[PDB]
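Peer 1: Return a 3D structure for these sequence lines:
(chains A, B, C, D, E and F, ligands or ions: 8)
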Amino acid sequence: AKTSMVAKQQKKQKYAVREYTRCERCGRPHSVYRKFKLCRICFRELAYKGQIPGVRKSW
Amino acid sequence: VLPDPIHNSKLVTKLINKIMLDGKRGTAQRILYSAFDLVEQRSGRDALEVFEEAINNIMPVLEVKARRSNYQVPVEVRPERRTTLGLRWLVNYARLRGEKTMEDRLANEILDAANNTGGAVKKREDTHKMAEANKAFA
Amino acid sequence: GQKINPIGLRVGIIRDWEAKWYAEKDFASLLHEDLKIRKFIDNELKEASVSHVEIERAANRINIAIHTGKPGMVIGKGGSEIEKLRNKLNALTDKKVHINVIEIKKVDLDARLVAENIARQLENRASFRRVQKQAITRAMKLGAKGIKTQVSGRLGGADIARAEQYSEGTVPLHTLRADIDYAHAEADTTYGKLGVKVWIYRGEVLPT
RNA sequence: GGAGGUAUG
RNA sequence: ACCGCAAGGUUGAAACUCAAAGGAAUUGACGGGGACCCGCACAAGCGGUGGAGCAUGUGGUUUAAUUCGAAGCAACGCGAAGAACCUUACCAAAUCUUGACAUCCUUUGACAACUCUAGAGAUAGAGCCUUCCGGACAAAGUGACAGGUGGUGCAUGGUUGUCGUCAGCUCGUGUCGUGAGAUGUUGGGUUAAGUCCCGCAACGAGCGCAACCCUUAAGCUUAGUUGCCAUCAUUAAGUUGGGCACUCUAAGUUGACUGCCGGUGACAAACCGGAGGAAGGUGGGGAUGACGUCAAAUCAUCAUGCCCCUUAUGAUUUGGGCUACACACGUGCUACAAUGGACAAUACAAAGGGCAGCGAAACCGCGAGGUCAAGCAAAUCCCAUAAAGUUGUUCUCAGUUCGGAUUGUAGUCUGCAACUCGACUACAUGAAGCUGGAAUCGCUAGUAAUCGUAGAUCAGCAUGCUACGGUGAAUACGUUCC
RNA sequence: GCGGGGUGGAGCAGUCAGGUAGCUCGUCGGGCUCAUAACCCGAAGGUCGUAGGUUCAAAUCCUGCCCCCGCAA
Ligand SMILES: [Mg+2]
Ligand SMILES: [Mg+2]
Ligand SMILES: [Mg+2]
Ligand SMILES: [Mg+2]
Ligand SMILES: [Mg+2]
Ligand SMILES: [Mg+2]
Ligand SMILES: [Mg+2]
Ligand SMILES: [Zn+2]
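Peer 2: Numbers count the residues shown, from 1 in each chain, chains lettered A, B, ... in the order given. Ligands and ions are numbered 1, 2, ... in the order given. Pasting the structure now:
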């Protein structure tokens, strides 16, 4: 029931506490970094492709 | 490594680093120094002298290696493992000499060993007993 | 044995972020912008042989730069098509965007272009084997120090999968100096989805 | 250096 | 039938049944076969788990549901870097059926916000007067259509784990062999390493090893604020006047390469030792994971072939459940105390976060915290007093002044609301537990061990995860065994 | 009708002579193991058929009853 809930979180909700983050391109709630509003997977995808500034795999 | 400040000896520091739990060198330091103070109180003479005599007593000269049934075959103990085992048994059998304070425990342990008594000497003679018993397998 | 993307390994060492902008705070909007641009170029990308786009941003302007080998199909003849792009694209973004078509000759030496080609071939139902063969052939005629190619999935309409790869030359992944251009694509074949990976290594240079 | 005898799936 | 005292010997079929039985050799795998080598594999050591309570995950049972997945090593504090509602996929009730969402035609239109009644809420119902800026917002009829956390991970892409950072896997040409195959890739010697040399029907090359990459360790060049304080005066306080010397910060550079000395060794590679030097023998630590094995995992990140539901397997709200509980397993926390507990004073860090967020000070509150309110988008200000340690005093071996579970009452913060089901505090109570059976785990150095701190997720919730520093060992005989 | 018996799930001691119910195998949980068996560590499981008396004390002695095995009938 993904894309429904995508619409649902992208809507406002009757009170602010119900508001939750999911990644904007993949409707995935968990492992979201709210700076990027990306999940861990898509973070890897894009930072490997070079599409996310700053980022460089470390040590 | 180095010798100790008050007494200038290698063994004392090597023993502190074996009494030491979780890197509390100063706690170990305190209790060993108070033990030397208390063994100067009781049996008045030098703490190093009585200590070195103690380890001369308990520090063994043989050992066994368990191989194959299972033989336990004797072997001549290395001179570093000598002091190693001496200090180890000293501390451990002190800890199970069972009284209030570890300084008292240690004081009594060095005392008994100086007089060739104590659990450490018992372990020594157990070791040599089983060694000579198994001497056939050398 | 579950090996990484070399561009992800090399970013910040010999090749630079395709996105070339700063924001202390607002990645939460600007990165999604970058991605939506990257997606909206489906228009061009469906035929225009676009390898990659770099993006830069300022206070006033966006400055984007799209690399290809058929640039006529994106600039029309005089500018009709770039203007067509500015209209809708700037309508989406709501910010003044200036673009820059840029040419990469030698189109059969570029990873994503090879991948696009072999994908469309395999959708036209050619043979994986001949495809990879002729790709590496033409690349080595263009004079690359190494090519590697791989296709994986239901080859020949087979009931189960395979992974077939070819190489000629040197592909030193663990060398970090090496600027090996990797590309992945897919092919929605009538039986399933063939996944193509391609690798070129066209000699050694540094960004500094 | 090589040859000959002398517990289950 | 013959012979034999006999045991039995000689002679010697068929019905039927199978599509193979078989021989020599090749590649691998295996071996309770052999030789060599290596690895915290043993061994020499240090500390733990299994014993108890608690947290958490899993199995099993139940329940309306206890959503779904992962299940030898390589599932089990794993997906989940956040289950009160939402999330939530499940269950009950109530509701909708071009639909919560997209593309199209047309009526249209700019839109509505924000009120009130009823409803548990979704919801309808009155309004409120919303205004063509032909694209745009907003609805409305429409059938095309959407939608599916529904099945197959044994149809798949992509992503990953593991054998294993082990050092191996292959190829071109040539040659041997009828051929599978072999050589190379084996041998001597060495190396952490198919690392190097030598030799040799092989010559070369590639993927791997290694170095390039990052960090840490010394120095040098530039620069000197928000960072530093030798020089001087000052002030509580490097704070402020002043200097950027020092530290530090961070860009460029130097540095370490068996580079040099001797000995050994096939003179070669290489080893052992030495000098110098901050550092010496891939300096230490990471990142990087070959061909491929396990039809390993994932169709619940996503994408997707085929199959299935489509007035329901789709969609909306409220409430429940994922938090159950006779039990078993795993991972960890707290302790079972004098190397200690309680109280008092006092000292030294690092790495990090911070905008509608970090919340100093002052004040109120015993304490959780509360009022006001400074500074702060950072080397300024806050988070943020680090704790262990040290100095004293006390308690003096007890189920204890140990431990802090459980329960009772009263409160604080968050939030739409803490019964199920948050954390926290104060008081009261004070359980089990005196260092754990058979078994078994981790670790070779600033490690183990122990003490604190920080951060992502996050309104709020961490004994978990990721990261930081402080104190700081024991031992390695050595390869006989697993 | 006569004579013997009934002790954890199976088979046997213990009854003669009253003094804290025992043996082997099994069952349950945990270990080892790739998993199972064996093996190692723990734990349950017995109003001694039952109901009455005697006894300080009952499997034990006495009474009564219900079954089991033979003989018979
Ligand atoms: Mg051991
Ligand atoms: Mg336990
Ligand atoms: Mg489950
Ligand atoms: Mg499965
Ligand atoms: Mg709900
Ligand atoms: Mg490497
Ligand atoms: Mg499978
Ligand atoms: Zn995502």
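Peer 1: Every contact and neighbour count from this point should use C-alpha atoms.
Peer 2: Will do.
Peer 1: Around chain A, which positions in chain C sit nearby?
Peer 2: Counting by C-alpha under 8 Å from any C-alpha of the partner chain, the residues of chain C lying close to chain A are C:5, C:7-9, C:11-12, C:16-22, C:25-28, C:31-32, C:34.
Peer 1: So which of those sit within helices?
Peer 2: Among those, DSSP state H puts C:7, C:8, C:9, C:27, C:28, C:31, C:32, C:34 in helices.
Peer 1: domains for chain C, by residue range?
Peer 2: With domains defined by CATH domains of a matching chain, chain C comprises C:16-105, C:106-203.
Peer 1: residue ranges of the strands in chain B, please?
Peer 2: With DSSP state E as the criterion, chain B has strands at B:62-67, B:71-76.
Peer 1: Same question for chain A.
Peer 2: All strands of chain A, identified by DSSP E, fall at A:32-33, A:38-39.
Peer 1: so which of these comes closest to ligand 8?
Peer 2: Of all the strands of chain A, strand A:38-39 sits nearest to ligand 8, with 3.3 Å by C-alpha to the ion.
Peer 1: what lines up beside that closest one in the sheet?
Peer 2: As defined by DSSP bridges, the strand partners of strand A:38-39 come to strand A:32-33 (antiparallel).
Peer 1: ok, and what's touching the strand it pairs with?
Peer 2: If you take C-alpha atoms under 8 Å, 6 or more residues apart in numbering or on different chains as the criterion, strand A:32-33 is touched by A:21, A:22, A:23, A:38, A:39, A:40.
Peer 1: Can you report how many residues lie near the nearest residue to the second one once chain neighbours are set aside?
Peer 2: Closest residue in space to residue A:22, ignoring its immediate chain neighbours: residue A:29 at 4.1 Å, by C-alpha to C-alpha, 6 or more residues apart in numbering or on different chains. The local packing count at residue A:29 equals 14, with neighbours defined by other C-alpha atoms under 10 Å in any protein chain shown.
Peer 1: for residue B:56, same thing?
Peer 2: 16.
Peer 1: That one and residue B:109: what is the separation?
Peer 2: Between residue B:56 and residue B:109 the distance is 13 Å, computed by C-alpha to C-alpha, to the nearest Å.
Peer 1: do the same with residue C:17
Peer 2: Residue C:17 sits 70 Å away from residue B:109, going by C-alpha to C-alpha.
Peer 1: what does chain A put close to RNA strand E?
Peer 2: Residues of chain A found near RNA strand E (C-alpha under 7 Å from any atom of the strand) are A:1-5, A:7-8, A:14-21, A:26-35, A:41-42, A:57-59.
Peer 1: Of those, grab the buried ones for PyMOL.
Peer 2: This is how PyMOL selects the buried members of the residues of chain A next to RNA strand E, with burial counted by 16 or more other C-alpha atoms under 10 Å in any protein chain shown:
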select buried, chain A and resi 21+27+28+32+42
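Peer 1: can you narrow the residues of chain A next to RNA strand E to ones near ligand 8?
Peer 2: Contacts with ligand 8 within the residues of chain A next to RNA strand E, counted by C-alpha under 5 Å from the ion: A:26, A:42.
Peer 1: For chain C, just list every one of the strands.
Peer 2: With strands called from DSSP E, chain C shows them at C:50-57, C:62-68, C:97-98, C:101-103, C:146-153, C:162-169, C:181-187, C:194-201.
Peer 1: Distance from the chain centre to the second one, please.
Peer 2: In this view, strand C:62-68 has its centroid 13 Å away from the chain centroid, taken as C-alpha atoms, centre = their mean, to the nearest Å.
Peer 1: So which residues make contact with that strand?
Peer 2: C:48-57, C:95-104.
Peer 1: Check the fifth one too.
Peer 2: By C-alpha under 8 Å, 6+ apart, the surrounding residues in contact with strand C:146-153 are C:128, C:132, C:136, C:139-140, C:160-171, C:192-202.
Peer 1: Show me which of the residues you listed are buried.
Peer 2: Buried by 16+ other C-alpha under 10 Å: C:128, C:132, C:136, C:139-140, C:165, C:167-168, C:171, C:194-202, out of these.
Peer 1: Considering only those residues, which also neighbour RNA strand E?
Peer 2: Restricting the buried ones among the contacts of strand C:146-153 to those within reach of RNA strand E (C-alpha under 7 Å from any atom of the strand) leaves C:165, C:168, C:171, C:194, C:195, C:196, C:197.
Peer 1: of all the residues you listed, which comes closest to chain A?
Peer 2: residue C:197 (14.0 Å; C-alpha to the nearest C-alpha).
Peer 1: Closest to the centroid, which residue in chain A?
Peer 2: Chain A has residue A:23 as the residue nearest its centroid, 1.9 Å off, counting by C-alpha atoms, centre = their mean.
Peer 1: give me every residue that touches residue B:108.
Peer 2: So residue B:108 contacts residue B:94 (C-alpha under 8 Å, 6+ apart).
Peer 1: Residues in a beta bridge with residue C:50, which ones?
Peer 2: residue C:68.
Peer 1: That one against residue C:44, yeah?
Peer 2: Yes: here residue C:50 reaches residue C:44: they are 7.4 Å apart, a contact under C-alpha atoms under 8 Å.
Peer 1: out of these two, which sits in the more crowded spot?
Peer 2: Using other C-alpha under 10 Å, the more surrounded residue of residue C:50 and residue C:44 is residue C:50, with 26 against 17.
Peer 1: Same list (the strands of chain B) but as JSON lines, adding distance to residue B:93 and mean neighbour count.
Peer 2: Formatted as JSON lines, the strands of chain B follow (distance: least, C-alpha to C-alpha, whole Å; neighbours: other C-alpha atoms under 10 Å in any protein chain shown):
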{"stretch": "strand B:62-67", "distance to residue B:93": "19", "mean neighbour count": "15"}
{"stretch": "strand B:71-76", "distance to residue B:93": "23", "mean neighbour count": "16"}
